[PDB]
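A.B. asks: Kindly generate the corresponding structure for this input.
(chains A, B, C, D, E, F, G, H, I, J, K, L and M, ligands or ions: 2)
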Amino acid sequence: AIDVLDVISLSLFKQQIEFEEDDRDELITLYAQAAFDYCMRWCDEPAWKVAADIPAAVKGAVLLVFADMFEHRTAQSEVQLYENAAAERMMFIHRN
Amino acid sequence: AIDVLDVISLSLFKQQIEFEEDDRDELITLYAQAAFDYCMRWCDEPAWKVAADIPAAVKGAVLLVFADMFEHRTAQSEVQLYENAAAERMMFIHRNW
Amino acid sequence: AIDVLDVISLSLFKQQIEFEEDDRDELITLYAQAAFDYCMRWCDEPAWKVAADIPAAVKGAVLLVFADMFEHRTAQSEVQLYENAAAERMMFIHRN
Amino acid sequence: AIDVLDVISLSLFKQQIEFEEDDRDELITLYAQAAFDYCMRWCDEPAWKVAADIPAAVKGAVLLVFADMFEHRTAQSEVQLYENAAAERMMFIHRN
Amino acid sequence: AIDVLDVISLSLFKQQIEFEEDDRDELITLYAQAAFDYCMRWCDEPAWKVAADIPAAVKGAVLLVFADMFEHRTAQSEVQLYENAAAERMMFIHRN
Amino acid sequence: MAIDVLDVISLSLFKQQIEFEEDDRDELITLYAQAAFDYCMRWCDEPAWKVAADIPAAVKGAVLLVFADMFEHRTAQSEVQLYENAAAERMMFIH
Amino acid sequence: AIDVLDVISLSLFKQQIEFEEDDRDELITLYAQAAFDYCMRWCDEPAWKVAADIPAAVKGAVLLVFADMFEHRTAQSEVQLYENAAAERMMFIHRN
Amino acid sequence: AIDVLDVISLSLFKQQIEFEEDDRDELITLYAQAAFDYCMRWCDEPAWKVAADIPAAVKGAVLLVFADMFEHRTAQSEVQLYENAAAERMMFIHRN
Amino acid sequence: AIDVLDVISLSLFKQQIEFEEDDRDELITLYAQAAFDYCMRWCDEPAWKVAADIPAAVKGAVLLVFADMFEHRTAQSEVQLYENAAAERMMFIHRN
Amino acid sequence: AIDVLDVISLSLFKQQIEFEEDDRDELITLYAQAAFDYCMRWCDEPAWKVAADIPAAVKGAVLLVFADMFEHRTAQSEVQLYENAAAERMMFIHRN
Amino acid sequence: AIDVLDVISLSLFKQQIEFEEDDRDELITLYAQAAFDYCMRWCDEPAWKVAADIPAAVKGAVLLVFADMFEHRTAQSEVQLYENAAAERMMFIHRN
Amino acid sequence: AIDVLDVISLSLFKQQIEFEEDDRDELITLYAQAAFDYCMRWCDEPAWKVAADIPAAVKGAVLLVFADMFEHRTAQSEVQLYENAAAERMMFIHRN
Amino acid sequence: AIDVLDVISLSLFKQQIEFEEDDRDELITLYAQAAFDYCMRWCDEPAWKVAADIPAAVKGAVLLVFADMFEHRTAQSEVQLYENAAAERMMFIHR
Ligand SMILES: [Cl-]
Ligand SMILES: [Cl-]
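C.D. replies: Numbers count the residues shown, from 1 in each chain, chains lettered A, B, ... in the order given. Ligands and ions are numbered 1, 2, ... in the order given. Shown next is the protein structure:
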C-alpha cells in the first residue's frame, strides 16, 4: 500500500489546517491516513501503484477530506454542515 | 475479539476530544468501546481478525462516533443535532455487502 | 435477570451526567434501571444471559436513555425535544 | 389496587421535581396516585398484582407523568406544550 | 349527586392554584363544582355512586380543568390558549 | 317564568370573576350578567331547566366566562385579534 | 319605533365607554341610536313593541356596536380591525 | 334634494373628527356633502323625502365615510388602508 | 367644457393638501385640471354641462386624485403605493 | 410635431421635481422630451395636432414620467421600483 | 455610422451620472458608445441616419443604459439588480 | 489573433475597477485577456479581424466580465452572486 | 505533461489570493497543480501540448478553482457555498 506521507508531506497537511505545532503529529497522521484511504477506495483505481501515480486533483480532495476531520470531530453536530462540492468534483474527474 | 485500545490508543481518543484530564479514563474507554463495537457491526467484515487489520477510514469513523458520545450525552436534546456525513461515508467504503 | 449496576456501575452513570453529589443515588438508580429495562426489551436478545454479555454499543445506548431521564423530568415540556439518533442506532445493530 | 407509594416512595417523588418543602404532601400524593392510575390503565397488565411487579421502565413513565402534573397545572396554557416521547416509549414497551 | 369537596378538599383545590387567601372560597368552590360536573359528564360513568368511587386519574383531570377556570377568566382572549393534552388523556382512560 | 341570572350566580361572584372591587358599577355589571345568561340559556336550549337550582355547575362556569368577556372586551371590533377560549363552549356542549 | 334611551340610559352608555365628560351627549346619543337601529333591523323581530321587550343579549350587542362607533371613527383605517364575534353571537340567538 | 347639514349639523361633523377650529368649515362641508351623496346613492331609497326620514344607522355610516375623507386625503397611499366593516353594514341594513 | 375651478375653488384644493403658500398656483391648477379630466372621462356623464351639475361624491373623488398627484410625483417609486378604495367607490355611484 | 415645452413649460417641470437651480435646463429638457414622446406614442392619438389639444390628464402622466427619469437614472437598480398606477390610468382614458 | 456624442454631448452624459471630473472622459465615452450601440441595435431602425433623427424616448433609454454601466461595473454582483422597466419601455415604443 | 490591449488599453481597464496602483499589471492583463477570450468565443464573429472591428457593446461586455474577475476571485463563495444581465445582453446583440 | 507553473507562475497565484507571505509555497503549489489538473481534464483538449497553448479563459478558470481551494479548506463547511458561474463558463467556452 501507499503511505499517504509519501504523497503529501506531514508539513503540508499541517499547512492545510494552519497548525504550526508538532505535538499532534500522531493524530494528524491518523486523519491523513483516513482521508487518503477514503479517497483511494472512492476512486477505486487499481493502476496507481506508487505515490507518484496519484493525480494532483486527488491530492486536493485528500486535503479537503483531511481538513474536514481535523475541524469537525463528532458524528453529529449542533451546527448544520454543508457538502463542499469541490471534494467530489476533484475525485469524480478520476474515478474508475 | 479486538480491543479498541489496540487499534486507537486512549491518548489518541483524548486528543480527538481535546480532553487533558485523567479522571475520566473509564468513561472515555466505554465510549471508545461503544463506538468501535458500533462501527464493527455496521461494517460487518469477518476478515478483520486483529487490530492491525482495521483500515484507516474505519479508524476515522470510530473517532467521530466516539467524540459524538462524549459531547452529546442524552437520547433527546433541546437543540437539534445534524448528521455529519463523514462518519457513514468513512464506513461505507469498508462495508461487507 | 441482569442488574444494570453489574453492566454499568453507578459511578459511570453519575459521570455520564456530570453529577457530583452523593444524595441522589436512589433516584439515579431508578433512572438507570428504567433505561436498562427499556433498552433490553427493545433489543429483545435472550442470548445476553449475564452482565458481561451486553455489547458495548448497547451500554452506550443505556447511558443516553438514562441521561435523558435525568435531564428531562416531565412527560410534556414547553421546549421541543429532538431525538438524538445515536441511541436508536446503537441499539438497532444488536436487535434480535 | 396497588398503593403508588409502595412502588415509588414519596421522597423519590419529591426528588423527581426537586421539591424540598414538606407542606404539600397531600397534593403531591394526589399527583402520584393520578400518574400511577393513568400508567396502569394505559399498560393494561393484570399480571401486576403487587408493588414489586411494576417494571422499572413503567416506574420511569410514572415519574414523567407525575412531574408533568406538578409543573403544568391547567387544562389550557398560554405556551404550547410538546409531548416528550420517552414517557410513552417507556410504557409502550410493557403494554399488554 | 357527589359533592366535589368530598372527592377533593377545598384546601387541596387552593394548593393546586397556589392560592393563599380564604376570601375567594365561594368562587373557588364554583370553579371546583364546574370542573367536577364537566369531567363527570365527559366520563359518563354511572357506576360511580359515591366520592370514593372516583379514580385518581379523574381527580387529576378535575384539578387541571379547575385551575384553567381560575387562571383563564374570559370566553375570548387576546392570547391564544393551547389545549394541555393531559386533561383529556387522564379522562379518556376512564371513559364509558 | 324565566330564570333570573342573579338567582343562579350572585353579583358578588360576578365581581370576583373579574376582580372588580368597586361598588359604583352594579347596574352595568348586572346588564353584562343578564346578557351572558340570556346567551348561554338560548345556546344550551334546555327547557328542562325550570328553576335556578336546575342549572348545572359547568353551565354556570360558561356564564362567568361569557360575562367576563363582555366586561373586558367592550367593542364589536378590536385592533387586536381575539381568540375563542374553548372552555366556554365545551362547558355548554356537555348540556 | 323604540327610543334607545328608554332601553339603555345615556349614563350607562357613557359607563360602557368609560367616558366621564358631559360635552358630547349629542354625538354619543347619535352613536347609541345608530347602534340600536342596526341591531333592531338585523334581528328583525316584530314582537318587540316597547323598550321593555328588548332582551338582555340584544342590549349587550347594542352596547358593543355603540362602543365600536365611539372608538373607531373612519370607514377605513391604517390598522386592521378584527370582528369581535360576541356582537353577532349575542344578536343571532334572537334573530327572527 | 336633502341638505346633509339638516340631518347632521356641522358641529356634530366636527366632533366626529375631534376638529376644534373654524377655518375649514367649507372643506368639511364638502366632505359631509360627498359622504351623504355617497351613502344616499348606495342606499337608493326613494322614500326618504326629508332630513327627518334618514334612519340612525345611515347617519352612522355618513359619519364614518365623512371622517375617512377628512383623515385620508389621497387616492393612493404608502400605507395600506383597511376597510372598516361597520360602514357598509350600517348602510346595507337600509339598502333598497 | 367645465373649468374645474368653478366646481372646486383653488383655495379648497390648497386646503385639501394643507398647502399654505401661493407660489405653486400654476402647478396646483394643473393637478386639479388633470384630476377633473380623469374623473370626468371615467364617469362619462354627458348630462353634466355646467359646474353646478357635478355631484358632491364626484367632487370628493376629484379631491382624492388631485391630492395623490401633489403628493406622489413619479411614475415609479421605491415604496409601493396602495389604492385608496374611496376614489373609485365615489365615482362608481355616478358612472354613466 | 408638438414641442413638449409648448404643452408644459420648463418652469413647471422643475416644480414637479422641486428643483431650484438653473444649470440643468438641457438635461431636464431631454427628460421632458423623452417623457412626452413616450406618452404621445403610448396614447397614439394623432388627432392631437397642437399643444392646446393635449388633455389635462395626459399632461399629468407626462409630469409623472418626467419625474421618474429625473429621480431614477439607471437601467437597473439595487432597490426594486414599483409602478405608480396613476401614470398609466391617466393615459389609458385617452388612448386611441 | 452615428457618433453618440453628436446625439448626446459628453457633458450631458456626465450630468446624467452627476460626475464633475474630467479625468474619466475616455471611460465615460466608452460607456456612452456601448449604451448607444446597444439601444440602436435593439431598436434596429434603418430610417435613422443622422444624429437629429434619434427620437427623444430613445435618448432617454440610452442615458439609462449608460448610467447603469457607470454604476454597475461587474458581470456578477453580491446584490440583486432589478430591471428599471422605464429603459425597455422607452425603447419598445420605437422598435422596428 | 487580436490583442485585447489594442481594443481597450490597460489604463482603461484599471479605471473600470478604480485601481490606481502599478504593481498588479500582469494579473490585471490576465483578467483582461480572459475576459476578451470569453466574449470573443461567445459572440463567435469571424468578420472581426482587427482591434478596430470590435463593436462598442462588446467592449462594454468585456469590461463587465473583466471587472467581475477582478472582484470575485473564487469558484465558490459564501455569498450568492447574481448575474448582471447587462453583460449577456450587450453580447447577444452581436452574437453570430 | 504540462506544469501549471509554466502556465501561471506561483507569483500570480499568490496575487490572485492577495497572499503576501513566503511560507505556504508548497501548499499553494499543490492547490495550483490540483486546479490545473481539474480544469485540463474538464476541457479535455489534448491539442494543447505546451504552456503557451492554454487559452486565457482557461487560465482564468484555473485561478478561480485555485483560489477556492485556498479559501475553503474543508470537504464540509458550516456556511453554505454557492457556485460562482464564471468558473464553468470560462472552461465551457473551450471544451
Ligand atoms: Cl419653457
Ligand atoms: Cl513559479
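A.B. asks: Output the residue of chain A whose distance to chain J is smallest.
C.D. replies: Nearest to chain J, among the residues of chain A, is residue A:82, at 27.3 Å (CB to the nearest CB). For every residue, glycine as well, the C-beta is placed using N, CA and C.
A.B. asks: Scan chain A for its longest helix.
C.D. replies: Among the segments of chain A that qualify as a helix by DSSP state H, the longest is helix A:25-43.
A.B. asks: how about that one as CSV, C-alpha atoms only?
C.D. replies: Extracted in CSV, the C-alpha atoms of helix A:25-43 (Å, rounded to 0.1, in the frame of the first residue of the first chain):
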residue,chain,number,x,y,z
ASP,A,25,1.6,14.6,14.7
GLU,A,26,0.1,11.2,15.5
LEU,A,27,-3.5,12.4,15.5
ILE,A,28,-2.9,14.5,12.3
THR,A,29,-1.3,11.4,10.7
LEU,A,30,-4.3,9.3,11.5
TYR,A,31,-6.6,11.9,9.9
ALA,A,32,-4.3,12.0,6.8
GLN,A,33,-4.4,8.2,6.6
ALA,A,34,-8.2,8.1,7.0
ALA,A,35,-8.6,10.8,4.3
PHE,A,36,-6.2,9.0,1.8
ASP,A,37,-7.9,5.6,2.4
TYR,A,38,-11.3,7.2,1.8
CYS,A,39,-10.3,8.9,-1.4
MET,A,40,-8.4,5.8,-2.8
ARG,A,41,-11.4,3.5,-2.2
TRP,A,42,-13.8,6.1,-3.7
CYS,A,43,-11.6,6.5,-6.8
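A.B. asks: For that helix, buried residues please.
C.D. replies: For helix A:25-43, the neighbour count (16 or more other CB atoms under 10 Å in any protein chain shown) marks A:27-40, A:42-43 as buried.
A.B. asks: Does anything pack onto that helix? Which helices or strands?
C.D. replies: Applying 3 or more CB pairs under 8 Å, 6 or more residues apart in numbering or on different chains; DSSP states H and E, we find helix A:25-43 packed against helix A:4-7, helix A:10-16, helix A:56-71, helix A:86-92, helix B:10-16, helix B:56-71, helix B:86-92.
A.B. asks: Take those helices and write them to JSON lines, including distance to residue D:90.
C.D. replies: Formatted as JSON lines, those follow (distance: least, CB to CB, whole Å):
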{"stretch": "helix A:4-7", "distance to residue D:90": "48"}
{"stretch": "helix A:10-16", "distance to residue D:90": "48"}
{"stretch": "helix A:56-71", "distance to residue D:90": "38"}
{"stretch": "helix A:86-92", "distance to residue D:90": "43"}
{"stretch": "helix B:10-16", "distance to residue D:90": "32"}
{"stretch": "helix B:56-71", "distance to residue D:90": "22"}
{"stretch": "helix B:86-92", "distance to residue D:90": "29"}
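A.B. asks: closest one to residue I:4 among those?
C.D. replies: helix A:86-92 (69.3 Å; CB to CB).
A.B. asks: The closest one close to chain M?
C.D. replies: Yes: Helix A:86-92 comes into contact with chain M (CB under 8 Å from any CB of the partner chain), by way of A:86-87, A:89-90.
A.B. asks: Any part of that helix near chain B?
C.D. replies: No: using CB under 8 Å from any CB, helix A:86-92 stays clear of chain B, coming no nearer than 10.4 Å.
A.B. asks: Does chain L have contacts with that helix?
C.D. replies: Yes: Helix A:86-92 is in contact with chain L by CB under 8 Å from any CB, via residue A:86.
A.B. asks: Who are the contact partners of the residue nearest to residue A:93 when sequence neighbours are not counted?
C.D. replies: Of all residues not flanking residue A:93 in the chain, residue M:41 sits nearest, at 4.6 Å (CB to CB, 6 or more residues apart in numbering or on different chains). Contact analysis of residue M:41 by CB atoms under 8 Å, 6 or more residues apart in numbering or on different chains lists A:57, A:93-94.
A.B. asks: give me that answer again for 10 Å
C.D. replies: A:55, A:57, A:90, A:92-94 (CB atoms under 10 Å, 6 or more residues apart in numbering or on different chains).
A.B. asks: that older thread, partners of the residue of chain A closest to chain J in the sheet?
C.D. replies: Going by DSSP bridges, residue A:82 is paired in beta bridges with residue M:77.
A.B. asks: of all the residues of helix A:86-92 next to chain M, which two lie farthest apart?
C.D. replies: A:87 and A:89 (7.1 Å).
A.B. asks: Need phi/psi at the residue of chain A at minimum distance from chain E.
C.D. replies: Going by CB to the nearest CB, chain E is nearest to residue A:78 of chain A, at 28.0 Å. Main-chain dihedrals, residue A:78, degrees, to the nearest 10: phi -80, psi -30.
A.B. asks: how much space between it and chain G?
C.D. replies: Noted for residue A:78: a distance of 40 Å to chain G, by CB to the nearest CB, to the nearest Å.
A.B. asks: what's the spacing between that residue and chain C?
C.D. replies: 11 Å.
A.B. asks: Same check on residue A:45?
C.D. replies: 32 Å.
A.B. asks: do residue A:36 as well
C.D. replies: From residue A:36 across to chain C, the span is 27 Å (CB to the nearest CB).
A.B. asks: middle-most residue in chain A, spatially?
C.D. replies: residue A:62 (2.5 Å; CA atoms, centre = their mean).
A.B. asks: Let me know the outermost residue of chain A.
C.D. replies: Per CA atoms, centre = their mean, the most distant residue from the centre of chain A is residue A:78 (23.9 Å).
A.B. asks: Can you list phi and psi of residue A:44 for me?
C.D. replies: When read as degrees, to the nearest 10, the backbone of residue A:44 gives phi 50, psi 60.
A.B. asks: Looking at chain A, which residue is nearest chain I?
C.D. replies: For chain A, CB to the nearest CB, closest residue to chain I: residue A:82, 34.3 Å.
A.B. asks: any idea how far the residue of chain A found nearest chain F is from chain D?
C.D. replies: Proximity of chain A to chain F (CB to the nearest CB) peaks at residue A:80, 34.6 Å away. Distance, residue A:80 to chain D, using CB to the nearest CB: 22 Å.
A.B. asks: gap between that residue and ligand 1?
C.D. replies: Noted for residue A:80: a distance of 64 Å to ligand 1, by CB to the ion, to the nearest Å.
A.B. asks: now do residue A:89
C.D. replies: From residue A:89 to ligand 1 the distance is 64 Å (CB to the ion).
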